[PDB]
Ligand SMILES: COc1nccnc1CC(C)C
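Before any questions on how it binds or moves, here is one chain, the form deposited without the named molecule, in structure tokens.
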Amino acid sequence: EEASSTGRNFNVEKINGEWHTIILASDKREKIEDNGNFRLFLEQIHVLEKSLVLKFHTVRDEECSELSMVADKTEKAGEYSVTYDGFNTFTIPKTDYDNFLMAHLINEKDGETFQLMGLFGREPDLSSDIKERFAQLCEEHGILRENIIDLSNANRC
């Protein structure tokens, strides 16, 4: 079964553990292209009582740089916030826990805002169908295909 972090049947503990960035998308492509601060490769999620410990690494010249973010629950169900290159809030619009997870993030910095959407998998790659379901959700958010980058081939160190 599938669920939304904002839904009533959400079991946050089940997203604990290993994850991999499969696809990233944004209405500001520069944020996710090479050297962008948001071209983030998720490695693991440690679920706590009121927060999520997210372990990522960014890459440059194929050299991996580790970085962690601690996301705290906000006043709205299913949403977390975290300070990183500005102020961010995010939810998990859809996940089946054991294979894929789709996240939707909003960043606000120095008066500007942009959306970041990601498809993460328990394995380093996911099927065609889930990737297209993700492009459909991006569309619902106003993000077109030219702003959707498949990183499944570049997610290893």
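Start at 1 with the first residue shown and count on from there.
Across the two stretches, 91-99 and 107-115, the PDB entry reports the greater mean Cα temperature factor for 107-115. In this entry, 62-70 has the higher mean Cα B-factor, the comparison being between 62-70 and 123-131. The residue among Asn9, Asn16, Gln136, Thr21 whose C-alpha carries the highest B-factor in the deposited model is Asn9. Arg39: CA B factor in the lowest third of modelled residues in this chain (values from the PDB entry). Residue-level temperature factors show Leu144 in the highest third of its chain, judged at the C-alpha atom.
Omitted here: the form solved in complex with the named molecule. The next part is about that form.
By the 4.5 Å heavy atom rule, the three marked residues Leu40, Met117 and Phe120 all count as contacting the named molecule in the bound PDB entry. Looking at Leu126, you'd find every heavy atom of it more than 4.5 angstroms from the named molecule in the bound PDB entry. Interface membership of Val59, defined by any non-hydrogen atom within 4.5 Å of the named molecule in the bound PDB entry, is ruled out. Contact between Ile130 and the named molecule in the bound PDB entry is not found at the 4.5 Å heavy atom cutoff.
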